[PDB]
Every structure is written in structure tokens, then in C-alpha cells.
Amino acid sequence: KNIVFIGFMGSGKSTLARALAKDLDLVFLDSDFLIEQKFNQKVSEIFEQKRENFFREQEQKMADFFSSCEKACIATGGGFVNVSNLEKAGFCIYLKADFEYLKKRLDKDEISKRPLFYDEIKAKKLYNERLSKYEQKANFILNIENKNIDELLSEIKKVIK
Amino acid sequence: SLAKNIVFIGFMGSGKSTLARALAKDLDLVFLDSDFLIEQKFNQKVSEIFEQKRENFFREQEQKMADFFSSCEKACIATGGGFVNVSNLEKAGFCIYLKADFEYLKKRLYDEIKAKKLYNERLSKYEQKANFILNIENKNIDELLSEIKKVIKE
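These protein sequences, in sequence, are chains A and B.
Take the first sequence: its position 91, counted from the start at 1, is 95 in PDB author numbering, and no numbers get skipped.
Numbering-wise, the second sequence is residues 2 to 110, 122 to 166 according to PDB author numbering.
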């Protein structure tokens, strides 16, 4: 029984999962951080060297891991939604916002994943391809626009009861 | 019963994080580090958590980590020096004690008098909770990995 946060870059998944973990006194896991720790390399470096498929295989390894662990609050990378058995990882919360809202911000934990000023054209295309997956795999969809962390935690806590 | 994980225990400086990480990469397993997980949850370094919240709070957090490790599988886990103080450590997995003399560890990484006293007090715990005692002195990473893989039959 874990709480899993999914969504695109800029959606504040790590920040929110960490706050909920501290608030509920649960373990905070971040798939990207666990991959970085395992290889002693930043996500950007892993992608730059081993390429796409290798990273996705490692995300699937984390998804398998999340499918059997318990009592965790888990943050996942933008492309994690593509793993094969995401529903087994726990109650999935999709942190949702429009592309224009997400593109103007970044979370501190995302600095190591890609360039600060990523290609917007390519990112929008990727965003549009992933919406259906985020929507379909979510157990709860939470629009995050113009909401502070306290507001988000309150909504989630309410949904959890 | 034991969770199907490998858990490295021992004093600070015994190379638990390094060896757990190398074994995880070698066997393509998940690498967990109790100190790093506690640091991530609080967005603070272990030293800061100890300074502000004090020892008991930190040990409580190590206990939550031990409980979590007992629930998961196929992980290679590094633990802090004081993690042996948790209850039900055996449930976290197959425990490997990275053993070395205090005088050997001190040449790797404050108050040596107090440190040796703490080292002496923990030895019996490391030894009693170990499923496998691995003497790390004078061994490089490849040698330690080979020795562990023979033990777990990889």
C-alpha cells in the first residue's frame, strides 16, 4: 500500500511526495533518485551515455520494486507512466497542469535530469503523447495549478481517508 | 523470516554504502541506503537531523526504515553504524557484517576515544546479527564482491 505520484516534468511530484511522507511519517522514494544512487550518476548522464531504453528498463526495475514494498510515498519521472504494471505500485495520484503552466517552472530535484532550458517544441509533443497514460493510470487526478503545498496535502489527505 | 534482501551492517567507515551500491549494480538490484532515505525524507543531512531532533528521533526513523526493508525484496541495503540498534533487524534481510578493527577504520574516515568506546559497545551486536561476517581488511571492491557472490551463490 503505497501512494504513487505521476505526471510530467514541473508538476512537483518529489516535493509533494516528500511532504506527504514527512507528514504521515512514511518512507519517501523517488524512482529517479534511486536510479541515480544505483549508478552513481545523474539521470542526464545516464541518458547521455546508455540512452533511452536502458533508462526505461531501470524504471521498470523500480516499478517491480514498488509493486511489493509498502508504506511509502513515491515520486516518479515523467516517462515512468510507461512501465508495465504501474497499478501494482500503489494508489496513483496524477499531478495535473497545462503545458504552459508546467514549462515555466522546475523543482530542485529536476536539475539533474535535463538541461535547464529544454526544447519546448519537443517537450510539448512529449507532453501531449503522455496525457492519456497519466489520465488512464491515475486513481486520483489532482489539478495543481495555483495551489500551495498545504492545499495539495489537504486534498490528498482527504482523498486518502 | 528474512526479507529477500542483502543488508550491510557495520561501523562507520566500513564501506557499506560503496559495497551495497557496487553489488546492486553488479546484480542489477535496487540500492537502498538508510541514511540517504532518511536525509531525503527530511531534506536535511544526517548530522543536522541529529543536532536538531536528537538521537532518539533518529533511531525511530531508522526503525521505520528497518520496517520498510522487511516489506521489500531484491534490494541491496546499506545501513548507518547505529542501525544495529533497531528491533527485528533480522527481518530486513540477509545480513552481511563488514568487519574491521577500529584502528583500520579510523585511517579511512573527531573524538577517537569516544569513537572506540562506541565501536566496542556495538561489536557484539554486529556479530550476533550477522548471517555472514566479511572481514574487509586488505580487500579491494572486486574481491569483496566475489566473496559475497560465492556466499549467496551467484
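Beta carbons are placed, not taken as given, at the ideal position from N, Cα and C, and that holds for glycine.
(request) Could you tell me whether any Cβ in chain B is nearer than 8 Å to the Cβ of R22/A? (result) Yes, contact with chain B.
(message) Per DSSP, what are the beta-bridge partners of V163/B in this structure?
(response) Answer is none; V163/B lacks a bridge partner.
(request) Could you list which residues in chain A have their beta carbon closer than 7 Å to that of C73/B, in chain order? (result) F69, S72, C73
(message) Taking the alpha carbon of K137/B as the reference point, which residue from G83/B, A101/B, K126/B has its own alpha carbon closest?
(response) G83/B
(request) Report yes if the C-beta distance between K75/B and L30/B is below 8 Å; otherwise report no. (result) yes
(request) Using a Cβ-Cβ cut-off of 8 Å, state whether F95/A counts as contacting chain B. (result) At a cut-off of 8 Å, the C-beta of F95/A has no neighbouring C-beta in chain B.
(request) Can you give me the Cβ contacts of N86/B inside the same chain, cut-off strictly under 7 Å, excluding the 5 residues immediately before and after it? (result) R60
(message) Just to confirm the assignment: which complete beta strand (DSSP E) runs, minimum length 3, are found wholly within the segment 28-55 of chain B?
(response) Correct list: 31-34.
(message) Please state the DSSP three-state secondary structure of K100/A.
(response) Reduced to three states, the DSSP call for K100/A is strand.
(message) Since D36/B and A21/B should fall inside the 8 Å C-beta cutoff, what is the C-beta to C-beta distance between them, to a whole number of angstroms?
(response) The pair is not a contact, with the Cβ atoms about 11 Å apart (cut-off 8 Å).
(request) May I ask you to list, following chain order, the residues of the segment 35-62 of chain A that have a beta carbon less than 7 Å from some beta carbon of chain B? (result) Those would be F37, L38, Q41, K42, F43, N44, in chain order.
(request) For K161/A, return the contacting residues in chain B, with the cut-off set at a CB-CB distance below 9 Å. (result) Result: empty, since nearest Cβ-Cβ is about 17 Å, beyond 9 Å.
(request) Could you tell me the boundaries of the alpha helix (DSSP H) in which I125/A lies? (result) First-last of the alpha helix (DSSP H) with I125/A: 124-141.
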